[PDB]
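Residues per chain are reported as follows:
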Amino acid sequence: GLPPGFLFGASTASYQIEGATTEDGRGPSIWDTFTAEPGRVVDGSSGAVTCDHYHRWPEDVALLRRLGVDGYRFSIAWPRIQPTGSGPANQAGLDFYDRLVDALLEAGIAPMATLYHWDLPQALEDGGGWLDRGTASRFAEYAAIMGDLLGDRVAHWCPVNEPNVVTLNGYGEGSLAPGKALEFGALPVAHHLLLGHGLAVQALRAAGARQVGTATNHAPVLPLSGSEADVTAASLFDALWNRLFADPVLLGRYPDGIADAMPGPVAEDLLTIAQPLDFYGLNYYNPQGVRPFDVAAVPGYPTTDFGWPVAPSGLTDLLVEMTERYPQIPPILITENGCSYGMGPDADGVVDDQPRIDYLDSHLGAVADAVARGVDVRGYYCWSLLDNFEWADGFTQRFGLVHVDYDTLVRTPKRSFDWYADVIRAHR
Ligand SMILES: OC[C@H]1O[C@@H](O)[C@H](O)[C@@H](O)[C@@H]1O
Ligand SMILES: OC[C@H]1O[C@@H](O)[C@H](O)[C@@H](O)[C@@H]1O
């Protein structure tokens with residue numbers, strides 16, 4: 001029971017699929033640095049080659065065409081555009097995205113471009129990365145470059161993927177690149193990511209961009225007990241994970257207490273952060289359990305191969321709660337949803353990933369349930385088109401509609417691919 005003209009897509013990210021890390025003048029990213037360190041990645045892998053989308057993207061565009069998605073969400077590698085994060089653009093970098101976007105348009109696919117999906121140029125990290133306010137300005141300049149090249153052709157833009165992850169995991173506890181562990185010392189990263197968001201929105205509009213939104217991770221936060229310790233920790237986590245990133249964008253304020261902990265002209269910055277958006281993009285996987293706080297899986301649910309709860313009702317609950325908190329929220333696109341399940345091709349070359357079908361089916365139903373309660377949701381993008389490099393978990397977690405063998409680089413559409421193509425057809 002989805003809206004007429006609901007958009008169906010699929011999503012990837014540059015470092016996770018492209019490979020070709022040293023080709024055509026690409027500069028090192030923080031993820032090149034992180035993956036070169038012993039013990040950072042569970043299986044000792046990197047994004048050196050991964051799916052090798054940089055050389056195999058025609059095949060991938062054709063898979064998207066066969067799938068029949070309305071939209072394809074991809075990320076631009078900043079280090080291919082500006083190897084050091086500043087200075088004149090690398091032509092070969094520009095050429096790659098330019099050609100990709102023209103091919104997507106020939107195939108009748110609406111391109112959704114993410115500017116920042118975590119691959120900061122190392123040269124910018126060397127100067128302090130997102131702890132430096134100046135990084136938000138470098139990001140704004142990069143936005144203008146990509147706006148100038150692609151502005152008239154990209155259907156949708158997402159400046160920053162999951163600023164909450166970049167902040168807490170990258171700089172707060174150091175579980176992801178760049179591996180800093182500042183705890184609350186990471187709050188300035190949040191402010192500069194959000195400032196970067198707002199400046200990029202301006203840059204893209206001035207370049208003639210079409211629709212500009214977000215791609216922020218959101219989850220209902222469930223207290224694991226009744227203890228105040230636990231309800232207060234869950235409230236705190238909700239304030240840090242959800243509100244810290246949505247309140248500034250959608251209301252032009254920080255949650256109570258936070259503005260006074262942020263550097264710079266915060267009031268003026270919040271005007272820059274709160275640029276009007278065409279859509280609000282969110283990434284949803286599952287509710288988060290919480291007990292200054294500790295995050296654990298909510299009990300009682302079946303789990304994916306990543307140990308994550310399968311809890312589609314949490315998506316309905318979230319979409320309803322977001323609409324309550326932010327009545328003026330623009331149309332919502334689900335910019336990512338998906339699941340890790342490890343099955344690969346059997347003796348006959350079939351990948352029977354029925355658990356992935358079940359997950360995606362139930363989540364689409366959860367979107368329909370929120371729509372039925374008056375939530376304005378306009379599309380859904382499956383993470384991912386391809387099995388890919390899952391950050392610190394390497395190649396051990398497969399999220400694809402399409403199986404990728406990392407030795408032969410063969411793509412095999414899974415059962416879920418065929419299922420999704422049928423859903424999309426039925427809905428038209
Ligand atoms: O169940 C908790 C898990 O849920 C997920 O969706 C998050 O991405 C993980 O960071 C978290 O550990
Ligand atoms: O963890 C699974 C997926 O979660 C998302 O939040 C990220 O944007 C993806 O890059 C990642 O592969």
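- Its PDB header names X-ray crystallography as the technique used to obtain the model and reports a resolution of 1.90 Å.

## As for the UniProt feature "binding site: substrate" (unreviewed entry) in the protein chain
Next up, step 1: In the numbering adopted here, UniProt assigns the feature "binding site: substrate" (unreviewed entry) to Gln16, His117, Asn161, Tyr285, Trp383, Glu390 and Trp391.
Next up, step 2: Mapping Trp383 onto the fold places it in strand β12 (residues 377-383).
Next up, step 3: For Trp383, a relative accessible area of 3% corresponds to the buried category.
Next up, step 4: Residue position: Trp391 is located in the loop between β12 and β13 (402-404).
Next up, step 5: With sequence-adjacent residues up to four places away left out, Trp391 is seen in contact with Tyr15, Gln16, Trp31, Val41, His117, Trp118 and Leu176.
Next up, step 6: Within the structure, the side chain of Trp391 is placed 3.4 Å from the side chain of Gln16, a separation counted as a polar contact.

## What to know about the site of ligand 1
Next up, step 1: What surrounds ligand 1 is the set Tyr285, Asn286, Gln288, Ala297, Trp308 and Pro309.
Next up, step 2: A distance of 2.7 Å separates an oxygen atom of ligand 1 from a polar side-chain atom of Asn286.
Next up, step 3: Take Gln288: an N or O atom from its side chain is 3.0 Å from an oxygen atom of ligand 1.
Next up, step 4: With the chains in place, 66% of the 320 Å² that ligand 1 exposes on its own is no longer accessible.
Next up, step 5: Here the shell around ligand 1 is built from residues that sort into 4 nonpolar, 2 polar and no charged.

## Looking at the pairing of strand β11 (residues 332-337)
Next up, step 1: For β11, the buried fraction is high: 6 of the 6 residues fall into the buried class.
Next up, step 2: Bridge count between strand β8 (residues 280-283) and β11: 4 bridges; the pairing is parallel. Across the sheet, the residue bridging to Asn283 is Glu336, located in β11.
Next up, step 3: Each parallel crossover has a hand, and the one from β11 via helix α13 (residues 354-371) to β12 is right-handed.

## Describing unusual backbone geometry
Next up, step 1: The omega angle of the peptide bond from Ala177 to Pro178 is 5 degrees, so this bond is cis rather than trans.
Next up, step 2: Structurally, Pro178 is set in the loop between α8 (163-172) and α9 (187-206).
Next up, step 3: The omega torsion across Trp383 and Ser384 is 10 degrees, close enough to zero to call that bond cis.
Next up, step 4: Relative to the helices and strands, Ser384 resides in the loop between β12 and β13.
Next up, step 5: In this structure, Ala20 is a non-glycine residue whose phi angle is positive, near 55 degrees.
Next up, step 6: The topology assignment puts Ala20 in the loop between α1 (14-17) and α2 (30-35).
Next up, step 7: Owing to a relative accessible area of 7%, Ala20 belongs among the buried residues under this scheme.
Next up, step 8: One non-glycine residue with positive phi stands out, namely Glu162, at about 50 degrees.
Next up, step 9: Note that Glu162 resides in the loop between β4 (156-160) and α8.

What counts, and at which threshold
- Residues numbered from 1 in each chain as written, not as in the entry; some residues may be left out.
- Chains lettered and ligands numbered in written order.
- Heavy atoms only, no water.
- UniProt positions renumbered as here; feature names shortened; annotations may be inferred.
- Helix = DSSP H or I, 4+ residues; strand = E, 2+ residues; numbered from the N terminus.
- Buried < 20%, exposed > 50% of the residue type's maximum accessible area, 1.4 Å probe, protein only.
- Contact = heavy atoms within 4.5 Å.
- Polar contact = N/O pair within 3.5 Å; in protein donor to acceptor, adjacent residues only side chain to side chain.
- Near = heavy atom within 4 Å.
- Areas by Shrake-Rupley, 256 points an atom, 1.4 Å probe, with all protein chains shown as cover.
- Nonpolar A, V, L, I, M, F, W, Y, C, P; charged D, E, K, R; others polar.
- Pairing = 2+ DSSP bridges.
- Right-handed = clockwise from strand over helix to strand, strands pointing away.

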